[PDB]
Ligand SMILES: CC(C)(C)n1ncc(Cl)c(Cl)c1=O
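Just one chain follows, in the form solved without the ligand, and it is written as structure tokens.
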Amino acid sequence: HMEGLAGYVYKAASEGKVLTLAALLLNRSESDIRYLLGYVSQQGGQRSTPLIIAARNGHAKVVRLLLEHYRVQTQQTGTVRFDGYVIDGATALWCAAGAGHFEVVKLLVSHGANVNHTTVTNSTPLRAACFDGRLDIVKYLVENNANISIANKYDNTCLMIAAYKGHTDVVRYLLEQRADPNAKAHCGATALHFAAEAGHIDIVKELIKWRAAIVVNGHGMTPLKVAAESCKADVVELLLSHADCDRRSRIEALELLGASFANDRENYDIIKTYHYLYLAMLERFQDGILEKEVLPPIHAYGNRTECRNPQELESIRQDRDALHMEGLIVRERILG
């Protein structure tokens, strides 16, 4: 009937042929013009409206024709796809931000757009632009009354996703706008925990100098311990040069960091394991003396027991197999 025409207006919008879009919509009743601009055509795992697809693909001319000459609500939600990650309940603003379509962000926001739109997971345009990495958009959004405080259904601040993806500049920016770095998440992790495991030493720098607290996650691990389990030596080194619980927890990191340099088969080093392990054993016995309760010998680790004194560690130096078995026997005790 007329449904086919709406598929034709979708094409012109999605593809960006403003010339075609005009020829389709002109000489039509306002009632019909709304049905055409507001029919959820589904293509390529993406349920969207002409405006939403024209803003996710980034066809500013079509966006203007749909906003400056035609009246769109700038609030039509759609199920959009981003690199496999599928997002539902997103408006053209969110899709534009995620795609870094700054020109559309100007057009959309300045032509009216809830800068604090909430997807079904509460993802505000700010989160999408942070998860992307375009600082240029982020500032314009917040400087146009966006809220850096609004999180997601699991309480993930825009800072947290910025730390994860490793966008140092935008991390500093949100911190400049007083984005509290001590907000927690459902897991229990803070933005520090994220940038730590991801080896984002640049972001860990701008975090500590901004009241970044040493919180503990739901896995009983400080940001340091996460970085240790994640073979990010640089962070562990820097985090040690701070308010690190001396001994008990300081040695545990080195005992963990080295162990991680074995359990990998992709970043393994083994020599970096003996180094980080023997170093700890020395400190655990530096003066006195902080001993270790070794778990009983198990089969998976060759009915072998963890070295408990510095001399034993020096004996397995000439034993490739034992240095491997050690890294995992140490890990089992530290992590569970």
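In case it trips you up, residue 1 is the first one in the sequence shown, and so on.
Unshown form deposited with the ligand bound; subsequent notes refer to it.
Although the chain is displayed without it, the ligand can be placed by superposition from its pose in the deposited complex; doing so yields no atom within 2.4 Å of a backbone or C-beta atom, and the site is open.
For a residue to qualify, one of its non-hydrogen atoms must sit within 4.5 Å of the ligand in the deposited complex; all three of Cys187, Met221 and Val226 qualify. With the partner omitted here, the stretch from 169-177, 109-117, 190-198, 138-146 that lies within 4.5 Å of the ligand by heavy atoms in the deposited complex is 190-198. Screening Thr79, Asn217, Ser249, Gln75 for any heavy atom within 4.5 Å of the ligand in the deposited complex leaves a single hit, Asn217.
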